[PDB]
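Here's the structure we're looking at; comments come further down.
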Ligand SMILES: CCCCCCCC/C=C\CCCCCCCC(=O)SCCNC(=O)CCNC(=O)[C@H](O)C(C)(C)COP(=O)(O)OP(=O)(O)OC[C@H]1O[C@@H](n2cnc3c(N)ncnc32)[C@H](O)[C@@H]1OP(=O)(O)O
Ligand SMILES: CCCCCCCC/C=C\CCCCCCCC(=O)SCCNC(=O)CCNC(=O)[C@H](O)C(C)(C)COP(=O)(O)OP(=O)(O)OC[C@H]1O[C@@H](n2cnc3c(N)ncnc32)[C@H](O)[C@@H]1OP(=O)(O)O
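Chains as they are written, first to last, in the entry's author numbering: chain B, 132 to 511; chain A, 132 to 511.
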């Protein structure tokens, strides 16, 4: 069934083929300019070696786990230590990306690694607290603790493309190395295709006069789809590069038991259905750590969805607005608009059809969607 | 998996949304102009009532079958009658479409119905000859002949969307009438989408100065993909309207046992593989009536593929060049170019990959393909 997905790059080689064949070798006129990392030689940036400076805090979580598992201090004190460790995870890399500053894309990938490491840390803390509360009911404890293997399990969880820590993981085989290279080659060519389609389509169409949109929109609703359809293909190729290619490569090199991350997000009859569908690991993180602890007792789901999307709004604002240090709160409000939207398109999809719900999903994803974040990300 | 197919009409509503919302009601400024049939009222054209004048020749085939099955004359004489009946099937509707002439699109659908009725007739003759040769080995014969039910079986085969006659057919249920209407509604909106995408994309891009292509092509290879990508979407929507919608509707109203016509043509690693794949009934007709009678004895496949594509070239030329009565032989030579092409891309696909074979298939289908027939069909 893969040829109709395959046709979407045939028509991108085919339309403006001429501006594809004017390059010398591997986009010789557009190299290290789009999806760019300047000075590929040496490749030593003081935030790139500070991308491994956030790895001393998983070691700090292992030291406070060693304090509570060798009975150095009580459980509440360690919980406070986890709270301060994951708030230093907020406060320290924003100080890294403001003071002794660097490029915007390096700041964006540092904030994305900060967000992913924060989820991985909070999931490690919640799973360690759950297995400590399970193990303290009886006097079984844990003989043969194997702190090298626990260190390797925590570090292997930190490089893993999932956000749910277990000490025992499903594994696979790493004998297919030509496949790994083929996926990497597919990723690099798409990256070059990403830079080509950003420089040829979005960059001449954003670089003009623009105005902030209002409640009334007369003769201005044609721009929010015409400047969003190449952004729709940019987000589709971003999804294919991250969730189908890079996460599958990082699953394969670490020998992961499930390449399960992307799951059926194109047949979304509504958003809300879409946000529970579009990636497995962060949706498993919300249904394991925030929504379902709210749904254990005394909070219903009709504020749990708002507080889960509030912390997702906080993560998107920390990912986008902080490396540009402008504090727009446009991705915050643009995804806070989605939270009444999930409820709306559910009232619209009731007494209706799934097909026209998918039509209005792709319209919602066109205008008030995730390519809007890339549009505001290429508007600074 | 249907949402990624569904996105291709979201991006067509989205790009030039403005020229979609300037119409009054059901394309009020472009109605009965593209995919047009003038004078919808009365709807009585002298070739439209001559579209049922080709139905007296299935009755003629039943009369000559009644002559041979009631032993009025020997088998060879009836075979000659079948030969003249299906050559009057060639010679009479071209006289209908030249003398007392009509519109070009009515001539194109009359020639398409002529081609389909010719295949259905030759398949009926070959299957009747095969069951007559099977029944004449012993003295079983056929008690309870049921000539009303044989008449209904032949007529039901003539309205059926398959080209292989059997007296016993698999059936289904016709209780889902809201589904039938939904598919018909999907077909009509796509037809309107077809007329919209033909008038907005192909018609301003063909109506200019054009030149015949040669062996050397310098600074002219960008036109044969840029004027072919909207033609690629026109042929994709033509395939979806005919083989997925209209043939499934005609399967459902006649209660057919298999909606099997389209089969996996998008993952074509080569042409030749593609021509055996793109539709079930005409490919079953070639492998049941022309190729495999050649492969019974004394002819190898290395002229059988050329003679099968020669008669397919004759059918495409009779479909396209005869209603425009210009005798270009450009669709003839453009599909005679494909016959060395199937062999070529098979030598190219050997010692190679299936993925880059699919890449070069979609390049071949872009330039020297079936949208070229629609490009020359909208160039007169
Ligand atoms: C050192 C570095 C190493 C790096 C390594 C590589 C990287 C790591 C790799 C990968 C990690 C991620 C990389 C990218 C991260 C980027 C940063 C961000 O964080 S961007 C965040 C954007 N925002 C969101 O994603 C919001 C997500 N929101 C949601 O998932 C949902 O909307 C949610 C949970 C808030 C609401 O879910 P509703 O639609 O499900 O809820 P309802 O109405 O209540 O229905 C619940 C029912 O759904 C069914 N259901 C269907 N599927 C289900 C499932 N999978 N699990 C549970 N229930 C499911 C069940 O019936 C369930 O109810 P019953 O549990 O039975 O009571
Ligand atoms: C009153 C009106 C009512 C109307 C009702 C509605 C309408 C009716 C509805 C629908 C009818 C159609 C409507 C449209 C008609 C438009 C007009 C036209 O005619 S346009 C014609 C365009 N031209 C073609 O379509 C050329 C088609 N060409 C071919 O099919 C092939 O290219 C062919 C047969 C000429 C060559 O086939 P290679 O690729 O198969 O041959 P290899 O190299 O030899 O391989 C053969 C092997 O392939 C495998 N194979 C795979 N699939 C197979 C299969 N399905 N059958 C048999 N073998 C198959 C088997 O291994 C086989 O060998 P082993 O038979 O085992 O010895």
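The beta carbon of each residue, even a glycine, is placed where N, CA and C say it ideally should be.
Is the beta carbon of residue 421 of chain B less than 7 angstroms from the beta carbon of residue 447 of chain B? Their beta carbons are not under 7 angstroms apart, which means residue 421 of chain B does not touch residue 447 of chain B by this criterion.
7 angstroms Cβ cutoff, residue 344 of chain A in contact with chain B: The Cβ of residue 344 of chain A sits no closer than 7 angstroms to any Cβ of chain B.
Give me the subset of the region 399-420 of chain A whose CB atoms are less than 8 angstroms from a CB atom of chain B, sorted by chain position. Here the close residues are 399.
Compute the minimum distance between the beta carbon of residue 431 of chain A and the heavy atoms of ligand 2, and state whether it is under 6 angstroms. No, since every heavy atom of ligand 2 falls outside the 6 angstroms radius drawn around the Cβ of residue 431 of chain A.
Just to check, is the beta-carbon of residue 407 of chain A closer than 6 angstroms to a non-hydrogen atom of ligand 2? Of the heavy atoms belonging to ligand 2, at least one sits nearer than 6 angstroms to the Cβ of residue 407 of chain A.
Three-way DSSP call (helix, strand, coil) for residue 254 of chain B in this model: DSSP places residue 254 of chain B in helix when its eight states are reduced to three.
7 angstroms Cβ cut-off: residues of chain A touching residue 489 of chain B: Per Cβ cutoff of 7 angstroms: 134 and 137.
Could you tell me the distance, in whole angstroms, from the CA atom of residue 254 of chain B to the CA atom of residue 502 of chain B? When the Cα atoms are used, residue 254 of chain B and residue 502 of chain B turn out to be separated by approximately 28 angstroms.
With distances taken from CA atoms, which of B:278, B:295, B:439 and B:341 is nearest residue 201 of chain B? Out of B:278, B:295, B:439 and B:341, B:278 has the C-alpha closest to the C-alpha of residue 201 of chain B.
Return no unless some Cβ of chain B is closer than 7 angstroms to the Cβ of residue 391 of chain A. The beta carbon of residue 391 of chain A does not come within 7 angstroms of any beta carbon belonging to chain B, so the residue lies off that interface.
Would you verify that the beta carbon of residue 241 of chain B is, or is not, closer than 7 angstroms to some beta carbon of chain A? The C-beta of residue 241 of chain B comes no closer than 7 angstroms to any C-beta of chain A.
Kindly indicate which residue of B:347, B:332 and B:351 has the alpha-carbon position closest to the one of residue 341 of chain B. When each option's Cα is compared against that of residue 341 of chain B, the closest is B:351.
Counting C-beta neighbours from all protein chains within 10 Å, is the total for residue 305 of chain B 16 or more, i.e. buried, or is it exposed? So residue 305 of chain B counts as exposed.
Below 6 angstroms, is the gap between the Cβ of residue 244 of chain B and the nearest heavy atom of ligand 1? The answer is yes for residue 244 of chain B.
Among B:445, B:439, B:174 and B:509, whose alpha-carbon lies nearest the alpha-carbon of residue 338 of chain B? Looking only at B:445, B:439, B:174 and B:509, the smallest Cα-Cα distance to residue 338 of chain B is reached by B:509.
Cβ of residue 145 of chain A within 7 angstroms of any chain B Cβ: With a threshold of 7 angstroms between beta carbons, residue 145 of chain A makes contact with chain B.
Name the chain A residues whose beta carbon is nearer than 9 angstroms to that of residue 142 of chain B? Listed along chain A are 356, 360, 363, 364, 493 and 497, each with a C-beta nearer than 9 angstroms to that of residue 142 of chain B.
When DSSP labels each residue in this structure, what does residue 162 of chain B get in the three-state scheme? Three-state result, residue 162 of chain B: coil.
For residue 314 of chain B, the first and last residue of its enclosing alpha helix (DSSP H): For residue 314 of chain B, the enclosing alpha helix (DSSP H) covers residues 308-328.
What residues of chain B sit near residue 353 of chain A, judged by a beta carbon separation below 7 angstroms? By Cβ distance, chain B contributes 148 and 149.
Find the nearest neighbour of residue 398 of chain A within the set A:364, A:496 and A:347, judged by alpha-carbon distance. Residue A:496 holds the alpha-carbon nearest to the alpha-carbon of residue 398 of chain A among A:364, A:496 and A:347.
Nearest to residue 468 of chain A by CA position, among A:294, A:437 and A:459, is which residue? Residue A:437 is the option with its Cα nearest to residue 468 of chain A.
Of the listed residues B:450, B:424, B:429 and B:451, nearest to residue 439 of chain B (C-alpha basis): Among B:450, B:424, B:429 and B:451, the Cα nearest to that of residue 439 of chain B belongs to B:424.
Return yes when the C-beta of residue 418 of chain A is under 6 angstroms from any heavy atom of ligand 2, and no when it is not. True, at least one ligand heavy atom lies under 6 angstroms from that Cβ.
Could you check the C-alpha separation between residue 309 of chain B and residue 368 of chain B for me, to the nearest Å? Their backbone Cα atoms lie some 23 angstroms apart in a straight line.
Shorter than 6 angstroms, the distance from the beta carbon of residue 413 of chain A to the closest heavy atom of ligand 2, or not? Result yes, Cβ under 6 angstroms from ligand 2.
Could you tell me which chain B residues have their CB closer than 7 angstroms to the CB of residue 461 of chain A, listed as they occur along the chain? Per Cβ cutoff of 7 angstroms: no residues; residue 461 of chain A is ~22 angstroms from chain B at best.
Considering only their Cβ atoms, is the gap separating residue 318 of chain A from residue 376 of chain A smaller than 7 angstroms? Yes. Within cutoff.
Please classify residue 515 of chain B as buried or exposed, where buried requires at least 16 neighbouring CB atoms within 10 angstroms. Nothing can be reported for residue 515 of chain B: it is not among the residues displayed for chain B, which extend from 132 to 511.
Against chain B, with Cβ distances strictly below 7 angstroms, would residue 310 of chain A count as a contact? Under the 7 angstroms criterion on CB atoms, residue 310 of chain A is classed as non-interfacial with respect to chain B.
Measuring alpha carbon to alpha carbon, tell me which residue in B:430, B:479, B:213 and B:264 is nearest residue 249 of chain B. Cα-wise, what sits closest to residue 249 of chain B is B:213.
Can at least three beta-carbon pairs, one atom from the region 140-150 of chain A and one from the region 351-364 of chain B, be found at a separation below 8 angstroms? Because the criterion of three Cβ pairs below 8 angstroms is met, the region 140-150 of chain A and the region 351-364 of chain B touch.
Inside the region 223-307 of chain A only - alpha helix (DSSP H) runs reaching at least 4 residues: Counting whole runs of 4 or more residues, the region 223-307 of chain A contains the alpha helix (DSSP H) stretches 235-266 and 278-290.
Residue 443 of chain B: CB within 6 angstroms of a non-hydrogen atom of ligand 1: Yes.
Please confirm whether residue 233 of chain A and residue 178 of chain A have their CB atoms less than 7 angstroms apart. In terms of Cβ geometry, residue 233 of chain A and residue 178 of chain A form a close pair [threshold 7 angstroms].
So what does DSSP say about residue 183 of chain B, is it helix, strand or coil? Looking at residue 183 of chain B - three-state DSSP - the assignment turns out to be coil, as it is neither helix nor strand.
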